[PDB]
Structures are given as C-alpha cells and as structure tokens.
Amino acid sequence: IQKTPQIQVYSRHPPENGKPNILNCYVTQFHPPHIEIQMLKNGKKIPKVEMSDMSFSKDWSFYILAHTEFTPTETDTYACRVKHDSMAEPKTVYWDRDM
C-alpha cells in the first residue's frame, strides 16, 4: 500500500477580510502513515498549528487535519506543504478564496 495524499485547503467561514476565521489543511487517503505537514502564510511557516482528526478509512488510508486561526487579507496568501514517501519533492497546495 503506497497511496498518495490528497491535500485540501479551506476555511471554516466564507472569507471576509479582517474578521477571524480558521484555515484548514486536510491531508487524506495516504499510506504509509509517516507524513510531514506545514501551513504557510506569505511563504512562511505558521507557528502554533494544530493537528487533529487523525483517522483512517475502510481501505486503511490515513486522514489527518491541520488547522490554525487566521484573519484573511485581500492580499495575504496561504498554502499547505506536505512531504510523503509517495512523492519525490514536497507538494504544496494553495488556498483558493474563490473555489
């Protein structure tokens, strides 16, 4: 079992510049379990990040959540960079406010 992770980046509430929200990075469907997840703000590692909701599905692939409080700006960008055996180089997914 060598399954590549699916990285999904989203916020809890619809973004409104200035008002607090939460940015989530859900890494799912991956195996083996060893993984490296990092949340970035303007290309910089976000400090106090929270890892939660660790679980697995019926096919045994792993699911883990990365989240942190954040207040969006019309210009700040956020991204989630993940490292896993199934990939040569780290994969980074960017937060799309307009999805």
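Take the two forms, find the largest set of C-alpha atoms that superpose within 1.5 Å, and that set is the rigid core. Numbers for residues come from their place in the sequence shown, where the first is 1.
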Self-check item: Greater Cα displacement in 7 other deposited structures of this protein once the core is superposed, comparing 49-57 with 63-71
Solution: 49-57
Practice problem: Mind pulling up the entry and telling me whether 22-30 or 67-75 has the higher mean Cα temperature factor? | Solution: 67-75
Quiz item: In the PDB entry, which of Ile35, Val49, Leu40, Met54 has its C-alpha at the highest B-factor?
Solution: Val49
Exercise. Could you tell me which third, lowest, middle or highest, the C-alpha B-factor of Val9 occupies within its chain?
Key: middle
